[PDB]
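Trainee: Dropping in entry_18.cif, with mmCIF, C-alpha atoms and all ligand atoms.
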data_data
loop_
_atom_site.label_atom_id
_atom_site.label_comp_id
_atom_site.auth_asym_id
_atom_site.auth_seq_id
_atom_site.Cartn_x
_atom_site.Cartn_y
_atom_site.Cartn_z
CA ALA A 1 36.25 -8.74 -43.34
CA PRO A 2 39.90 -9.83 -43.01
CA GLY A 3 41.78 -9.17 -39.81
CA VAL A 4 45.05 -10.74 -38.65
CA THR A 5 47.01 -10.88 -35.41
CA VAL A 6 50.66 -12.13 -35.30
CA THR A 7 51.91 -13.34 -31.93
CA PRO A 8 54.46 -12.44 -30.82
CA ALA A 9 55.12 -9.55 -33.27
CA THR A 10 58.06 -7.55 -31.71
CA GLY A 11 61.57 -8.26 -30.38
CA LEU A 12 61.60 -11.44 -32.52
CA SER A 13 64.59 -13.65 -33.00
CA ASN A 14 65.90 -14.99 -36.32
CA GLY A 15 64.28 -18.44 -36.80
CA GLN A 16 61.44 -17.81 -34.37
CA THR A 17 58.03 -19.41 -34.94
CA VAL A 18 55.10 -16.94 -34.72
CA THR A 19 51.38 -17.72 -34.87
CA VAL A 20 49.29 -15.93 -37.54
CA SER A 21 45.58 -15.82 -36.56
CA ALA A 22 43.11 -14.46 -39.08
CA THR A 23 39.38 -13.98 -39.03
CA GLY A 24 36.68 -12.69 -41.38
CA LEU A 25 38.00 -14.69 -44.36
CA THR A 26 36.03 -16.57 -47.00
CA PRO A 27 35.44 -20.24 -46.19
CA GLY A 28 37.13 -22.53 -48.69
CA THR A 29 39.51 -19.96 -50.18
CA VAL A 30 43.23 -20.69 -50.11
CA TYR A 31 45.34 -17.97 -48.46
CA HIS A 32 49.14 -17.73 -48.90
CA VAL A 33 50.78 -17.07 -45.47
CA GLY A 34 54.25 -15.48 -45.56
CA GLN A 35 56.84 -12.94 -44.42
CA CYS A 36 57.20 -10.04 -46.89
CA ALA A 37 58.51 -6.50 -47.38
CA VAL A 38 58.23 -3.76 -49.99
CA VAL A 39 61.36 -4.22 -52.07
CA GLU A 40 60.43 -1.50 -54.52
CA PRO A 41 57.54 0.90 -54.53
CA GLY A 42 54.57 -1.14 -55.72
CA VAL A 43 56.54 -4.41 -55.53
CA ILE A 44 56.22 -6.77 -52.58
CA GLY A 45 58.78 -9.56 -52.18
CA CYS A 46 58.27 -12.54 -49.75
CA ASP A 47 60.27 -15.56 -48.41
CA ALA A 48 59.20 -18.50 -50.55
CA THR A 49 61.09 -20.93 -48.25
CA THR A 50 58.85 -20.34 -45.28
CA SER A 51 55.52 -19.51 -46.94
CA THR A 52 52.65 -21.92 -46.70
CA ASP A 53 49.05 -22.26 -48.01
CA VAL A 54 46.06 -22.72 -45.72
CA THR A 55 42.34 -22.95 -46.67
CA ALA A 56 40.04 -20.91 -44.45
CA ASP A 57 37.52 -23.01 -42.53
CA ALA A 58 33.71 -22.74 -42.28
CA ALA A 59 34.11 -20.00 -39.65
CA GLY A 60 36.31 -17.87 -41.90
CA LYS A 61 39.41 -18.44 -39.79
CA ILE A 62 42.96 -19.56 -40.26
CA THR A 63 45.49 -20.18 -37.46
CA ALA A 64 48.98 -20.98 -38.76
CA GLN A 65 52.56 -21.21 -37.59
CA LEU A 66 55.14 -19.30 -39.60
CA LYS A 67 58.92 -19.34 -39.10
CA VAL A 68 60.36 -15.82 -39.55
CA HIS A 69 63.90 -14.67 -40.25
CA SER A 70 65.63 -11.35 -39.73
CA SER A 71 67.02 -11.43 -43.28
CA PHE A 72 65.60 -13.48 -46.17
CA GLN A 73 65.89 -13.90 -49.94
CA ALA A 74 62.80 -12.31 -51.41
CA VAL A 75 60.98 -13.60 -54.50
CA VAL A 76 58.65 -11.29 -56.52
CA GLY A 77 55.73 -11.87 -58.91
CA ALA A 78 53.68 -15.00 -59.48
CA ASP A 79 56.50 -17.07 -60.94
CA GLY A 80 58.65 -16.49 -57.84
CA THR A 81 61.60 -14.70 -59.43
CA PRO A 82 64.50 -14.10 -57.00
CA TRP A 83 65.05 -10.46 -56.18
CA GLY A 84 67.75 -10.39 -53.52
CA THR A 85 68.28 -10.05 -49.81
CA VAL A 86 65.91 -8.22 -47.49
CA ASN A 87 67.18 -7.28 -43.98
CA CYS A 88 64.22 -6.73 -41.62
CA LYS A 89 66.34 -4.82 -39.12
CA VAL A 90 66.79 -2.10 -41.83
CA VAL A 91 63.46 -2.15 -43.73
CA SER A 92 59.98 -2.87 -42.39
CA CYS A 93 58.78 -6.48 -42.87
CA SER A 94 55.42 -8.06 -42.14
CA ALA A 95 53.76 -11.45 -41.59
CA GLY A 96 50.27 -11.87 -43.04
CA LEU A 97 48.12 -13.73 -45.57
CA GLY A 98 46.45 -13.04 -48.88
CA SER A 99 44.47 -14.85 -51.57
CA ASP A 100 45.03 -14.79 -55.34
CA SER A 101 42.73 -11.72 -55.49
CA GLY A 102 44.68 -9.75 -52.90
CA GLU A 103 42.07 -10.21 -50.17
CA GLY A 104 43.90 -10.56 -46.76
CA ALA A 105 45.77 -8.61 -44.12
CA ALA A 106 49.26 -8.22 -42.68
CA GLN A 107 50.92 -7.01 -39.47
CA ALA A 108 54.38 -5.25 -39.34
CA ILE A 109 56.85 -7.19 -37.16
CA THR A 110 60.15 -6.19 -35.61
CA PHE A 111 63.28 -8.10 -34.62
CA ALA A 112 65.44 -7.70 -31.57
CA CA A 201 65.44 -2.12 -58.79
#
Once you've parsed the file, please lay out its structure as structure tokens.
Mentor:
Amino acid sequence: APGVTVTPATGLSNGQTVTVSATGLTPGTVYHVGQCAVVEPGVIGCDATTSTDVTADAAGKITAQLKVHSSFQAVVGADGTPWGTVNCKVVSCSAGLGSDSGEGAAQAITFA
């Protein structure tokens, strides 16, 4: 049962490192960790420059560092097509993780 905690998650600075802690994942599955936002209804765009892949361990956990930015160039789809700029002080952004099947979780973050 996926659950995630992002610390810290509010009053963040541009270029700040946060820790993403997840539990209840499937051991051995690769999860994509990243900062994302809804760019268009039904379309999520994320920062491909700061995203990373981590395999969940035998306990179904992942603990990863992620650098977040108050504005980023979002990529959409599986081929990573550039969409454009996302400003997280105007739209809601999140940090979280998900597998290729969409299993995962995310937490909304805010910048100072
Ligand atoms: Ca459009």
Trainee: Could you pull out the residues sitting within 9 Å of ligand CA 201 (chain A), using all atoms listed in the file, and write them as a ChimeraX atom specification?
Mentor: /A:39-40,83
Trainee: What lies within 10 Å of residue 16 (chain A) using only C-alpha atoms, ignoring chain neighbours under 5 positions off, as a compact mmCIF listing (two decimals) with C-alpha atoms, keeping the file's coordinate frame?
Mentor:
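Output contents, as saved in result_26.txt:
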# COMPACT_ATOMS: atom_id res chain seq x y z
CA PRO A 8 54.46 -12.44 -30.82
CA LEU A 66 55.14 -19.30 -39.60
CA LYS A 67 58.92 -19.34 -39.10
CA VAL A 68 60.36 -15.82 -39.55
CA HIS A 69 63.90 -14.67 -40.25
CA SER A 70 65.63 -11.35 -39.73
CA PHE A 111 63.28 -8.10 -34.62
Trainee: What does the structure give for the distance between CA of residue 36 (chain A) and CA of residue 75 (chain A), in Å to one decimal?
Mentor: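 Separating CA of residue 36 (chain A) from CA of residue 75 (chain A) is a distance of 9.2 Å.
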Trainee: Skip residue 74 (chain A) itself and residues of its chain fewer than 2 positions away, then list as a PDB file with C-alpha atoms, in the coordinates of the input all residues within 12 Å of it, counting only C-alpha atoms.
Mentor:
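Below is the file that was written, part39.pdb:
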ATOM      1  CA  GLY A  34      54.250 -15.480 -45.560  1.00  0.00           C
ATOM      2  CA  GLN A  35      56.840 -12.940 -44.420  1.00  0.00           C
ATOM      3  CA  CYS A  36      57.200 -10.040 -46.890  1.00  0.00           C
ATOM      4  CA  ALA A  37      58.510  -6.500 -47.380  1.00  0.00           C
ATOM      5  CA  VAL A  38      58.230  -3.760 -49.990  1.00  0.00           C
ATOM      6  CA  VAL A  39      61.360  -4.220 -52.070  1.00  0.00           C
ATOM      7  CA  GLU A  40      60.430  -1.500 -54.520  1.00  0.00           C
ATOM      8  CA  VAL A  43      56.540  -4.410 -55.530  1.00  0.00           C
ATOM      9  CA  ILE A  44      56.220  -6.770 -52.580  1.00  0.00           C
ATOM     10  CA  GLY A  45      58.780  -9.560 -52.180  1.00  0.00           C
ATOM     11  CA  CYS A  46      58.270 -12.540 -49.750  1.00  0.00           C
ATOM     12  CA  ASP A  47      60.270 -15.560 -48.410  1.00  0.00           C
ATOM     13  CA  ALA A  48      59.200 -18.500 -50.550  1.00  0.00           C
ATOM     14  CA  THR A  49      61.090 -20.930 -48.250  1.00  0.00           C
ATOM     15  CA  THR A  50      58.850 -20.340 -45.280  1.00  0.00           C
ATOM     16  CA  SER A  51      55.520 -19.510 -46.940  1.00  0.00           C
ATOM     17  CA  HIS A  69      63.900 -14.670 -40.250  1.00  0.00           C
ATOM     18  CA  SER A  71      67.020 -11.430 -43.280  1.00  0.00           C
ATOM     19  CA  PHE A  72      65.600 -13.480 -46.170  1.00  0.00           C
ATOM     20  CA  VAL A  76      58.650 -11.290 -56.520  1.00  0.00           C
ATOM     21  CA  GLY A  77      55.730 -11.870 -58.910  1.00  0.00           C
ATOM     22  CA  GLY A  80      58.650 -16.490 -57.840  1.00  0.00           C
ATOM     23  CA  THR A  81      61.600 -14.700 -59.430  1.00  0.00           C
ATOM     24  CA  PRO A  82      64.500 -14.100 -57.000  1.00  0.00           C
ATOM     25  CA  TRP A  83      65.050 -10.460 -56.180  1.00  0.00           C
ATOM     26  CA  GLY A  84      67.750 -10.390 -53.520  1.00  0.00           C
ATOM     27  CA  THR A  85      68.280 -10.050 -49.810  1.00  0.00           C
ATOM     28  CA  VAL A  86      65.910  -8.220 -47.490  1.00  0.00           C
ATOM     29  CA  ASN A  87      67.180  -7.280 -43.980  1.00  0.00           C
ATOM     30  CA  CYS A  88      64.220  -6.730 -41.620  1.00  0.00           C
ATOM     31  CA  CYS A  93      58.780  -6.480 -42.870  1.00  0.00           C
TER      32      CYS A  93
END
Trainee: Which of these, A:64, A:97, A:30, A:112, has the shortest distance to residue 7 (chain A) once you count all atoms listed in the file?
Mentor: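 Among the listed residues, A:64 lies closest to residue 7 (chain A).
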Trainee: Could you give me, as a PDB file with C-alpha atoms, in the coordinates of the input, the residues within 8 Å of residue 23 (chain A), counting only C-alpha atoms and dropping anything in the same chain fewer than 5 positions from it?
Mentor:
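What ended up in out-v8.pdb:
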ATOM      1  CA  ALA A   1      36.250  -8.740 -43.340  1.00  0.00           C
ATOM      2  CA  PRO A   2      39.900  -9.830 -43.010  1.00  0.00           C
ATOM      3  CA  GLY A   3      41.780  -9.170 -39.810  1.00  0.00           C
ATOM      4  CA  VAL A   4      45.050 -10.740 -38.650  1.00  0.00           C
ATOM      5  CA  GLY A  60      36.310 -17.870 -41.900  1.00  0.00           C
ATOM      6  CA  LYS A  61      39.410 -18.440 -39.790  1.00  0.00           C
ATOM      7  CA  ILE A  62      42.960 -19.560 -40.260  1.00  0.00           C
TER       8      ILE A  62
END
Trainee: For the atom pair CA of residue 19 (chain A) and CA of residue 95 (chain A), what is the interatomic distance in Å to one decimal place?
Mentor: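 Computed distance, CA of residue 19 (chain A) to CA of residue 95 (chain A), equals 9.5 Å.
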Trainee: I'd like to know which of A:99, A:73, A:92, A:110 is closest to residue 53 (chain A), using all atoms listed in the file.
Mentor: A:99
Trainee: Specify the axis-aligned box that encloses all atoms of region 106-110 of chain A listed in the file after padding of 6 Å on each side, stating its centre and edge lengths in Å to one decimal as AutoDock Vina command-line options.
Mentor:
--center_x 54.7 --center_y -6.7 --center_z -39.1 --size_x 22.9 --size_y 15.0 --size_z 19.1
Trainee: For the atom pair CA of residue 41 (chain A) and CA of residue 9 (chain A), what is the interatomic distance in Å to one decimal place?
Mentor: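 Atom-to-atom, CA of residue 41 (chain A) to CA of residue 9 (chain A), that is 23.8 Å.
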Trainee: Closest to residue 17 (chain A) among A:33, A:55, A:65, A:94, using only C-alpha atoms?
Mentor: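 Closest to residue 17 (chain A) of all the choices is A:65.
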Trainee: From the options A:14, A:20, A:27, A:108, which residue's atoms come nearest to residue 52 (chain A), counting all atoms listed in the file?
Mentor: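 Closest to residue 52 (chain A) of all the choices is A:20.
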